[PDB]
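Everything below concerns the one structure shown next.
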Amino acid sequence: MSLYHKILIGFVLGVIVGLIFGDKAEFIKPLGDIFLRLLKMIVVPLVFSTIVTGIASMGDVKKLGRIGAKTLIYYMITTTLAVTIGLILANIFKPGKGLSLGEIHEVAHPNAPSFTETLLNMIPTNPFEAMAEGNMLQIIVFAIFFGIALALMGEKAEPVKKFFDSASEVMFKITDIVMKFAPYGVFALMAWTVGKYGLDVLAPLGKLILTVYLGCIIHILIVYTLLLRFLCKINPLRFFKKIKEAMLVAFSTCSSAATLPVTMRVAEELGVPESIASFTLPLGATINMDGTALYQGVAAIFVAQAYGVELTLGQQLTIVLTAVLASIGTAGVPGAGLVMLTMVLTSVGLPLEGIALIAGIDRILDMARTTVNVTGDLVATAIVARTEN
């Protein structure tokens, strides 16, 4: 029985156990927290080693520059589309209508940290400090510099190239060992999640959850489907059938970085060159704002409607933006997007209670956000590979 089927069995059994035992499933959470700890334990060394090896194996920096430019353009386009879809749905469906958490009042212009500060902080002043702090973007930037240096160096870098290639292989092996525990970790995660988030407690926020899930589904089935159909020119159904395991793991785990090994292994099954994937997927594991864009766009409008502050198109745009902007790097960190949105909305002046309302169901939305993020990462990989082959 394939690992995917074991993970699916664990997923469905965990869902059933959570439905039956309800809150009593909390005792099984540690078995899932162990799985999350093991997965997160690999992201940093794996990302660094794989990025350096991938850039070294290409041997030319012009190709890397082309790939980076195309990936950045694709992510900007998909983030814009995700923001558009989120705003459209939050307006068509009004999850915040009727909550009446507070009285209606005018709102001031949002304030967020300067864009230059976010750009400058992407450059580590100490690579080992970035590695220790788990700063994924700084690690990625240092890895890009290191890989470019290795690709240009040639013979003198042979020991470094070989060591980092072997290190990447070892991290992939570690992932292989860890995933033998994947069915039980997914079982525990799903049991805990379903037990905690009963349908009774989700009733007051049913509209918000439905809107977020519908937006994610629309994004996957339209933005990614059309891109695959036309730009990359492959059958979308077969593509999704190929990446079922990655989507399932991302949904269960709620963290793109933890799912990164799964996406990279699945990419091989799609036939994309290893060198291209090694650069695109780890970078997209931090820069992909699709799911975060949808979540934040929906949540800001939900909070505004809960307090009755109808927002003009300009206010809506400048609120979802500067928020996806301030969360550009921290989005990989769990709960960082929620904190950034909280700060932006507090700057807008909305009370904290509305934002704290979403925090209760953050995991339910996180599932969809992570699924969208990994699907977009794989789609970006495929599209970039197509325009190179």
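Offset between the sequence shown (1-based) and our numbering: plus 1383.
Beta carbons are placed, not taken as given, at the ideal position from N, Cα and C, and that holds for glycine.
Using alpha carbons as the reference points, say which of the options lies closest to residue i.
i	options	result
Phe1529	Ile1601, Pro1542 and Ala1439	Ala1439
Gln1699	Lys1477, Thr1454 and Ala1683	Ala1683
residue 1342	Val1398, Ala1763 and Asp1760	Lying outside 1384 to 1772, the shown extent of the chain, residue 1342 is not represented and no answer is given.
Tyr1458	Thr1669, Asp1749 and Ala1491	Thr1669
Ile1711	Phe1623, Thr1462, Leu1733 and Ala1473	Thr1462
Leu1396	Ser1483, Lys1423 and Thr1576	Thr1576
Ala1660	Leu1643, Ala1676 and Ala1495	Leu1643
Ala1676	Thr1467, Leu1585, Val1543 and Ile1766	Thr1467
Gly1401	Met1573, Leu1582 and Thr1646	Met1573
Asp1760	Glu1771, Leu1721, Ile1592 and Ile1603	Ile1603
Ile1392	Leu1484, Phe1570 and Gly1481	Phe1570
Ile1605	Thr1770, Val1755, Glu1771 and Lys1477	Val1755
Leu1591	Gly1405, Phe1547, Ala1765 and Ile1747	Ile1747
For residue i, which three-state DSSP category applies?
i	result
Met1519	helix
residue 1774	For residue 1774 there is no data in the structure shown, the boundaries of the chain being 1384 and 1772.
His1388	helix
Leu1484	coil
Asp1416	helix
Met1723	helix
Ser1440	helix
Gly1581	coil
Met1573	helix
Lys1563	coil
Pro1428	helix
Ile1557	helix
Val1632	helix
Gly1712	coil
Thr1508	coil
residue 1376	The displayed coordinates of the chain run from 1384 to 1772. Any statement about residue 1376 would go beyond what the structure contains.
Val1435	helix
In terms of residue numbering, what span does the alpha helix (DSSP H) encompassing residue i cover?
i	result
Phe1476	Careful: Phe1476 lies outside any alpha helix (DSSP H) and carries neither H nor E.
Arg1752	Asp1745 to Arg1769
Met1647	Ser1639 to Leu1653
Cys1599	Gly1589 to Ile1601
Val1703	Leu1696 to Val1703
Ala1709	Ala1706 to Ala1709
Using a Cβ distance threshold of 8 Å, determine whether the segment 1676 to 1690 contacts the segment 1650 to 1664, with at least three qualifying pairs required. With a cut-off of 8 Å on Cβ pairs, the segment 1676 to 1690 is not in contact with the segment 1650 to 1664, counting fewer than three such pairs.
Quick check: the segment 1494 to 1505 against the segment 1607 to 1626, are at least 3 beta-carbon pairs closer than 8 Å? Segments in contact, no.
Check whether the segment 1545 to 1559 and the segment 1422 to 1433 are in contact - that is, three or more C-beta pairs closer than 8 Å. The segment 1545 to 1559 makes contact with the segment 1422 to 1433: 3 or more CB pairs, one atom from each, lie closer than 8 Å.
With a cut-off of 8 Å, do at least 3 Cβ pairs link the segment 1725 to 1736 to the segment 1684 to 1693? Touching, per the Cβ criterion.
Are the segment 1404 to 1422 and the segment 1586 to 1598 in contact at 8 Å, needing three or more beta carbon pairs? The way I'd put it, the segment 1404 to 1422 doesn't touch the segment 1586 to 1598; fewer than three beta-carbon pairs between them come closer than 8 Å.
Below 8 Å, can you find three or more Cβ-Cβ pairs linking the segment 1541 to 1552 to the segment 1442 to 1461? Contact between the segment 1541 to 1552 and the segment 1442 to 1461 is absent, with fewer than three C-beta pairs closer than 8 Å.
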